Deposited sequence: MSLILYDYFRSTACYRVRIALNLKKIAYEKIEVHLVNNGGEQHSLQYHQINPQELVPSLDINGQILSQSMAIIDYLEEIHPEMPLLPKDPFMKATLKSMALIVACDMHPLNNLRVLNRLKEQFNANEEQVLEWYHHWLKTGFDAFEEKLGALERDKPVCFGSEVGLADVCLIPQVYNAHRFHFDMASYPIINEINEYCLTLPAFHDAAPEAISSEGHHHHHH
């Protein structure tokens, strides 16, 4: 049982992860902990934690390489998104800017775009040191970094940030968006 909010980036990651490794689950659409997984009564939060659990009980369709260093390297790229980007732009943060600072619309956008630039700069950076056979983050299979990247890029277009500066990312996103696992997990697919 996945408890799901369709506008949630975190939830988008989980939805992709569940598809990629072809895990049979069961969705429960709610409003506004999401995502959260119910495992025979036992509830688990935090999208990165949720994904690592899946990865552990369902080792097939690995979202990470075996090489301990590469595994950690890809992980840290997923963290760039999940730690150095998403947290700053969460609805809760935008609202604090509005409460505390009565941020007008251009202000929220400038803030929001600021962390996009910083996060995509760093991401495309490390991206440039890896080799790939297709437009995925690394290698010849889609992984954890791609799982976290697609939802972040979705947010960026939604807030109309211009991706011109990030060719490799733009390619990977385009590629990934043609897989059912990604496509069917999109928020639009939900409604």
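- Several segments of the deposited sequence are absent from the coordinates, namely 1-3, 36-54, 214-222.
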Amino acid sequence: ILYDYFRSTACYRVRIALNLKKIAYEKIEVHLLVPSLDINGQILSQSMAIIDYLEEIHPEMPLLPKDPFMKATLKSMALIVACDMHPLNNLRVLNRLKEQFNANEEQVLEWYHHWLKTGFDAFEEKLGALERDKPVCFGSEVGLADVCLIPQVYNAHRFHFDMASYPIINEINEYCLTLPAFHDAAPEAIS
From here on, numbers count along this sequence of modelled residues.
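- When 21-29 is weighed against 172-180, 21-29 comes out higher, by mean CA B-factor as recorded in the entry.
- Taking the mean C-alpha B-factor of each stretch as recorded, 77-85 and 97-105 are not equal, and the higher mean is that of 97-105.
- Take 144, 61, 50, 156 and read off each C-alpha B-factor from the entry; 61 has the highest.
- Among all modelled residues in its chain, residue 136 ranks in the middle third by Cα B-factor.
- In this PDB entry, the Cα temperature factor of residue 151 sits in the bottom third of its chain's modelled residues, the lowest group.
- Among the modelled residues of its chain, residue 165 has a C-alpha B-factor that falls in the middle third, as given in the PDB entry.
- In the deposited entry, the Cα temperature factor of residue 46 sits in the bottom third of values across the chain's modelled residues.
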